[PDB]
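Every residue, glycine among them, receives a Cβ derived from its backbone with ideal geometry; neighbour counts consider all protein chains shown. Every read-out reported here was derived from the displayed coordinates using simple, explicitly stated rules and does not represent laboratory data.
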Amino acid sequence: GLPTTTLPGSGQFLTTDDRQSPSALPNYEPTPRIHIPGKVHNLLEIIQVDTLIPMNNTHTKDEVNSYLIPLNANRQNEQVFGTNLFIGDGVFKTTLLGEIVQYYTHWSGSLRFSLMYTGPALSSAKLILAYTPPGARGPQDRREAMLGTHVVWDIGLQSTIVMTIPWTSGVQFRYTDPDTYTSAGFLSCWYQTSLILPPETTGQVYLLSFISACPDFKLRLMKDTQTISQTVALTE
Amino acid sequence: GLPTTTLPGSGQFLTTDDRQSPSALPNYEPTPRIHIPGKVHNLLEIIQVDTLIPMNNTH
Amino acid sequence: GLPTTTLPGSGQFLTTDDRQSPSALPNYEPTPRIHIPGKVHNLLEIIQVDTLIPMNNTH
Amino acid sequence: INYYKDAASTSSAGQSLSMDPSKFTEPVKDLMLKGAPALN
Amino acid sequence: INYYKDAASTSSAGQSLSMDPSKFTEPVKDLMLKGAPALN
Amino acid sequence: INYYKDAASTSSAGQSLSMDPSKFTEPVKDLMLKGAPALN
Amino acid sequence: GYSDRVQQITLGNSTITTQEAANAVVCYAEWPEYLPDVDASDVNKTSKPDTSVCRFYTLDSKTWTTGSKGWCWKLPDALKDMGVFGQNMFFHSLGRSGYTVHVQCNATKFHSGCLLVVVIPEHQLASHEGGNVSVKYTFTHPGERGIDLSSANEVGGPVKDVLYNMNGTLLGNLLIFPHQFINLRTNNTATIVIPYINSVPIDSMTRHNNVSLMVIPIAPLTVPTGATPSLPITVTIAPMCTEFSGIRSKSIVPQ
Amino acid sequence: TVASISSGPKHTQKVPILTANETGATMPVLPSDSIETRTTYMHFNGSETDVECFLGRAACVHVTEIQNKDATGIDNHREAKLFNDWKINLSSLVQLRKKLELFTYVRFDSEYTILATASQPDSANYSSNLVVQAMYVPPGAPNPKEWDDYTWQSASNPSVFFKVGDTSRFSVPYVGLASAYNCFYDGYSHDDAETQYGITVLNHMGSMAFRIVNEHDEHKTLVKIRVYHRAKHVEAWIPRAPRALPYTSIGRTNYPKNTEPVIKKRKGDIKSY
Amino acid sequence: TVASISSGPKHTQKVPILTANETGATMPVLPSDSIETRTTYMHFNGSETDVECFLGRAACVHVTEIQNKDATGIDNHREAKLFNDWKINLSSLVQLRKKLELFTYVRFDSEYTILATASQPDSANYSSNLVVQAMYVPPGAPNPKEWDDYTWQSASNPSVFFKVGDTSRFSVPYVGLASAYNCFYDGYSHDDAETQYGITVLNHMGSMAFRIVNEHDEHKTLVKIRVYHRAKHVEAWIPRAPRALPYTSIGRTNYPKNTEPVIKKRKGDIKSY
Amino acid sequence: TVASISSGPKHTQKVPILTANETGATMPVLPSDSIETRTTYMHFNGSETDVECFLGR
Ligand SMILES: Cc1cc(CCCCCCCOc2ccc(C3=N[C@H](C)CO3)cc2)on1
Ligand SMILES: Cc1cc(CCCCCCCOc2ccc(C3=N[C@H](C)CO3)cc2)on1
């Protein structure tokens, strides 16, 4: 008989501990694995695939239309859309990125925001996208917007433009749930010159917008998502 | 005295676990084995012998 | 199963003991350290800096 | 590691990995080859 | 040290440290180079 | 022997045995030698 | 002078040419291949009709109009009646296949509109009734007709609400599945190569569909002034590396 | 590892930021393709986002309850909670369910922890000490009928005996019939016109039975069982869109009617911040 | 090591005891610079004044309380202490606080010990055996609302279950967002005219929730939770003046008005002994 | 280990499927003696049918 002493914590059950256990089914042989395409190893692998952002959130019931950012022909100087960058809330929240970020407490890294244009091929347009780093207000006019991170996008044969929100930060991690100290800025978009439709054409054209994370990205300290809950256990 | 911590499951009895136990009969000597024809090792050995099927179940 | 005996003191919590514990946050990666001037290692380092004595205590 | 002195006190045995059904499936005196006629 | 005989009884696995998003981010048949035109 | 995988789970650290009060007791720009005049 | 843009796919006795492609997607970066022995379970030698089943079948055409919500086809169902592919299907106990899907929609440089073409492995549909109402067989086996997401709820059928992918997930995130867009201004076809994806090496072709192909208008169709307000969309699909096993009497399936 | 390299002004014919999303790719664009950057290192590995880590902590998967009371004159033990069943499944409590359904096929060993606590809602002199016996009844094995049937002998079926207030823990290998468990299944068990659709047809693994071994004392004792499940040795294939609407049933994808808009409406314009 | 060397009479032009304190230095003068000394050795290392040792013992950081009682008809569990919260922080109980605030920035792993004892202030037949479940609810994660919400499933959030009367112990890595925790912060969360000033804005880490897993017995049971915290792997920068006045608030430096003189007045003259 | 070997058409004078059960033997006939098979491996050892396992709980 070897002398032992038990410490504080004996008998506790910590849902996060990782130890060995007896197998209830001694000697059982599991089914062989066969090959299946698509294996995922890290959630970091999947948040780099871009998905659509319901940017046009202004509706009243969920609709395919809140994915469409409208553009008006012949407007000059004006603003196309605006949003803050609380990736865990608001427009971002239902996107795959938003949806995964919510399983973690802290995030750090660059984001990739792209816009794909869908107007007739014989039209043309020049837009400016601007990222405003924390510390200033959402820009109120392009002059204000153009003094921060921006890209003049020229609509052409190449249909999409990929803007990166480079990680601009004092503190090396921000909270995924919206926090002030930890806030990330604003994203706005304005006409640089203006949309022009060809003859025989009319109305609004739309941009689709996507979001995905750069390879830069870090997420840490897992927790429970506000995105799902329940009141009684389900049954069959 | 070596410091320990006990985990969840301590004291449980799992009918399928396989561990050592003290022998109640210390030092006892079992009867020698003699040879007996017919030893079975796997149930897989015996399910290969065919047996009759009551196919005509209608009684 | 290895035979053990527990000694007096089992289960006690001594605020001054120093042992290992399971991490509640398995696999979490702490923020990198950056350099900060001023690191203290011993209280003996700081009690050698002189400070003023309110000698005139009479107020 | 056995902690105990007697053999009865050790855990379960380990797989025969013996397996030879012929004492049960083919106890015939003259060997039968599959493919050759059963009765010659 | 495993104290148990079966593999299911061992603790959690250890980090894939595999990581290759291209099956998801670039499943295109003809390879796209960043910087070269998307559609030629 | 660490029984656990993560570093936070290990016991207390071990004595710095670093000890250098000069950042606190003598942060002067030009070095002062004891015995030499303070102000020259 | 090769462009990402022009392409030719020849499979069996049938060929497709596109002069306005946008590359092609190969699901999960894997190309269809036959079933290796190391992965095999059924001991039966399989049948590989090759060129008689691995050719291009063009399903009947759809009509995109400004009110369209989107369409959904299931595989191998959509092909249950195409030539010898279909016969093989009803006649063997098990079968396995990959596909090349080519979705076609051309317009002019004055039109606008953008379709999402996506392949969803194991697309289990939801009942519009809620609770634990099931979706009857016939409803998930529309055949070449596919399911029309702008048709009405029916009884025992699935829900046809587009912002929810017919299963409780948002349209916006379908982009995690192999997919390609058809943006009239860029593109005129979409091509996806689908490797066989299952948790078993070979399965039944009638009780289980292993992918749904979905074509969904996202930026509404907008035709030039006084143009007819609609465009046809055509889907052509070719089984590839098909294998059938466990031949017999010929399945009889509901309805 | 560098998180960002140093990059300076650019005036090229080589534009990495113009792409064609119609292709289905997400081109790997970085901050340094469009602004001037400085070197920085990652300092991070992505350890805690490994799927083994993501699915590897215990989650509550089931809460049931049984009572110890005099069975004298009870015509239906099962019905008196003299014991009870758990038609095993992981899809019943939603926190873990949404996590698993981020994948289509999943393969793992399970580690179960079972916590049992007792309640004595009405006047008792004391708290008795009860031993629970959880038994694994697989498909095709005789379901128990009374709280003390021959079934409980469990001569061939695993069973663990632990005390109320304590916890029991053991681990079961991956018992799936195929190579992975289907998180989703767009099929039927056969081509029947009315057979059920979905996964319930597939994920058939039997059930669990709990009972108190103790005979009855003078008062009644409520014992409530909580089953926790931890995946170990995880393997996951084919990522899918996360669950947006609420769940209604074990094993079907169905969402409730007149559900509410899941995308938050702006308080303001598209232009609003 | 010598504590003092031998030194004899001196008649020099080299005076180590005259200095200019205006310079900001504390010149390293020793007994042997001004009296005649003999050799002596230190016999000591300064082991127990290492900061790891100073901050490394468990200190009580929080006492809360929850009760097990029939929740039937309770409209606000939180309010009935059917469970309770601890808006985690280390600055609430003062013994440890004064110790930490001897430094400006501090970095360490935490080891928590949680002791739970039960009280039955009014007539009970017995003492029941309750299991506590302490859950970590981080910022942005759904706060519980009832004592038996879906939240308690805690499928992704650590949680420990232990028995009242026992102790639970686990250790959490340094969870700070920056490189160190700020013991002080002379800033705001943004340039707002009315935002709060200080550290409360910074040291935001979420909270802890405790509850009893047991349903109710016939009597009521008070369970009082004590959280102890031990720093391990300590790193401290920039020493500061010790706290002289009493504390009034978590996270602000504020002292109470009409406080009392903190320097003891002489009973006598400056000249007094 | 192979569970089934590959085997093709047969037109022989050597018939493994005709036997005389009166002899008391169970002749070891396999799928590949009477249909055309493909190779497949066992992937299994028969561990949990060992008598030690069967009587050991
Ligand atoms: C005593 C005792 C009790 C037991 C029980 C052993 C466990 C058997 C059950 C195995 C796990 O069964 C599953 C149920 C569901 C799923 C699953 N649901 C999701 C959609 C995905 O996978 C996987 C396994 O063993 N010994
Ligand atoms: C179950 C369970 C419960 C828990 C809780 C984990 C601990 C998380 C909290 C981390 C410590 O948070 C801090 C609070 C304050 C300070 C601090 N206050 C002083 C001024 C200095 O530092 C540092 C860390 O984990 N698992």
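Charges were assigned to the Cβ only: +1 to each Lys and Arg, -1 to each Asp and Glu. The resulting dipole of chain G about its Cα centre is roughly 440 debye. Of the cross-linked pairs I:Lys163/I:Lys220; I:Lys69/I:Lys224; I:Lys81/I:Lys163; I:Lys163/I:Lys224; F:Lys5/I:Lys224, those separated by over 21 Å at the C-alpha level are F:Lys5/I:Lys224. Summarising the amide proton neighbourhood of H:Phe83: residues at separation of 5 or more, or on other chains, whose placed amide H is nearer than 5 Å comprise H:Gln67. Each residue of chain I gets 271 Å³ once the volume of the Cα convex hull is shared out per residue. With a Förster radius of 56 Å applied to the beta-carbon distance between D:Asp6 and I:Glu48, the computed FRET efficiency rounds to 0.60.
Among I:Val94, I:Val61, I:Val262, the largest mean-square fluctuation in a Gaussian network model of chain I, built with springs joining Cα atoms closer than 10 Å, belongs to I:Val262.
The convex hull built on the alpha-carbon positions of region H:175-225 has an orientation-averaged projected area of 6.6 nm². Pairwise inverse Cα distances across chain A, averaged and inverted, put the Kirkwood hydrodynamic radius at 21.3 Å. Karplus-derived 3J(HN,Hα) values for region F:24-40, using 6.51 cos²θ - 1.76 cosθ + 1.60 with θ = phi - 60°, are 9, 8, 9, x, 8, 6, 9, 3, 10, 9, 4, x, 6, x, 4, 10, 9 Hz; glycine and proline are entered as x. Highest mobility in the GNM of chain G, judged by mean-square fluctuation with C-alpha springs under 10 Å and restricted to G:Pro178, G:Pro232, G:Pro76, is found for G:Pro232.
Take each residue in I:90-102, count the other chain C-beta atoms within 10 Å of its C-beta, and the mean is 0. Of all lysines in the structure, the ones whose alpha carbon falls short of 25 Å from that of F:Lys29, not counting any fewer than 8 places away in one chain, are C:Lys39, I:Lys14. Amide H contacts for G:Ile233 (H built 1.01 Å from N in the peptide plane; partners 5 or more residues away or on another chain; cut-off under 5 Å): G:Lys62, G:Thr63, G:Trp64.
The charge dipole of chain A, taken about its Cα centre with unit charges on the Cβ of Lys, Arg, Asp and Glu (plus for the first two, minus for the last two), comes to roughly 420 debye. Computed from the C-beta positions of G:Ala152 and G:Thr58 and an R0 of 41 Å, the FRET efficiency is 0.90 to the nearest 0.05. Can you find, among H:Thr72, E:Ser18, C:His35, the residue sitting farthest towards the positive end of the charge dipole of the protein assembly as shown, where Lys and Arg contribute +1 and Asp and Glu -1 at Cβ? About the Cα centre, the residue reaching furthest to the positive side is C:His35.
Going 7 Å from the Cα of G:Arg248 in the Cα-to-Cβ direction, what parts of region H:179-220 have a backbone nitrogen less than 14 Å from that spot? Label zone hits: H:190-191. Counting only Cβ charges, +1 for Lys and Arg and -1 for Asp and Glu, the dipole size of the protein assembly as shown around its Cα centre is about 2900 debye. Sorting G:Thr189, G:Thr234 from the fewest to the most surrounding beta carbons within 10 angstrom yields G:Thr234, G:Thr189.
So what does the Cα-only Debye profile of chain D read at q = 0.30, 0.31, 0.32, 0.34 Å⁻¹, as log10 I(q)/I(0), no solvent term? Scattering profile of chain D, log10 relative to I(0): -1.06, -1.09, -1.12, -1.16.
For chain B, the Cα gyration tensor yields ellipsoid semi-axes of 44, 26, 11 Å (square root of five times each eigenvalue, largest first, whole Å). Applying Stokes-Einstein at 10 °C and 1.306 mPa s to the Kirkwood radius of chain J, computed over alpha-carbon pairs, gives a translational diffusion coefficient of 110 µm² s⁻¹. Using the Karplus relation 6.51 cos²θ - 1.76 cosθ + 1.60 with θ = phi - 60°, the per-residue 3J(HN,Hα) values for region I:215-231 come to 6, 8, 8, 5, 8, 10, 9, 9, 10, 10, 9, 10, 9, 9, 10, 10, 7 Hz, with x marking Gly and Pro. Taking the DSSP bridge list for chain A and keeping only pairs wholly inside it, about 95 percent are antiparallel.
Give the long-range amide H neighbours of H:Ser4: residues separated by 5 or more places, or on another chain, with amide H under 5 Å away, using H modelled in the peptide plane at 1.01 Å from N. The answer is H:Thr40.
Size descriptors for the protein assembly as shown, from the alpha-carbon set: Rg then Dmax equal 36.9, 134 Å. Using the alpha-carbon centroid of each, what span in Å lies between region G:134-181 and region G:61-113? For region G:134-181 versus region G:61-113, the Cα centre distance is 14 Å. For region I:97-224, the fraction of alpha-carbon pairs lying more than 23 Å apart is 51 percent, rounded to a whole number. Each residue, B:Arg33 and E:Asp20, gets one label point 7 Å from its Cα in the Cβ direction; the gap between the two is 5.0 nm. Mean separation of Cα pairs under 8 Å and 6 or more residues apart, divided by the residue count, gives chain G a relative contact order of 39 percent. Inter-label distance, G:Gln8 to C:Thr51: 8.9 nm, where each label sits 7 Å from its Cα along the C-beta direction. Cα centroids of region B:1-46 and region H:1-74: 48 Å apart. Cα centroids of region I:108-175 and region H:198-273: 23 Å apart.
I need to check one value: relative contact order of chain I, counting alpha carbon pairs closer than 8 Å and at least 6 residues apart, in percent. Rounded, it is 29 percent for chain I.
Residue of chain E with the Cβ closest to the rotation axis carrying E onto F, and that distance rounded to whole Å: E:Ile1, 9. Report the calculated FRET efficiency for A:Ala136 and I:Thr117 (r = Cβ-Cβ distance, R0 = 60 Å), to the nearest 0.05. It comes to 0.65. The alpha-carbon of H:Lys10 sits under 26 angstrom from the alpha-carbons of these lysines, leaving out residues fewer than 8 places away in its chain: A:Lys126, E:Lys34.
For region B:45-59, backbone phi angles converted through the Karplus equation (6.51, -1.76, 1.60; θ = phi - 60°) give residue-by-residue couplings of 6, 7, 5, 8, 7, 8, 9, 5, 9, x, 5, 7, 2, 6, 6 Hz, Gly and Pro being listed as x. The alpha-carbon of I:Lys265 sits under 18 angstrom from the alpha-carbon of none of the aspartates and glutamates, leaving out residues fewer than 8 places away in its chain. Note on chain G: along the principal axes its Cα atoms extend 62, 55, 30 Å, ordered by decreasing extent. Candidates G:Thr51, G:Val84, G:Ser230 compared by Cα position along the dipole of chain G: farthest toward the positive end lies G:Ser230, with charges placed on Cβ. Working from label points 7 Å from Cα in the Cα-to-Cβ sense, the C:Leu14 to B:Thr4 distance is 1.9 nm.
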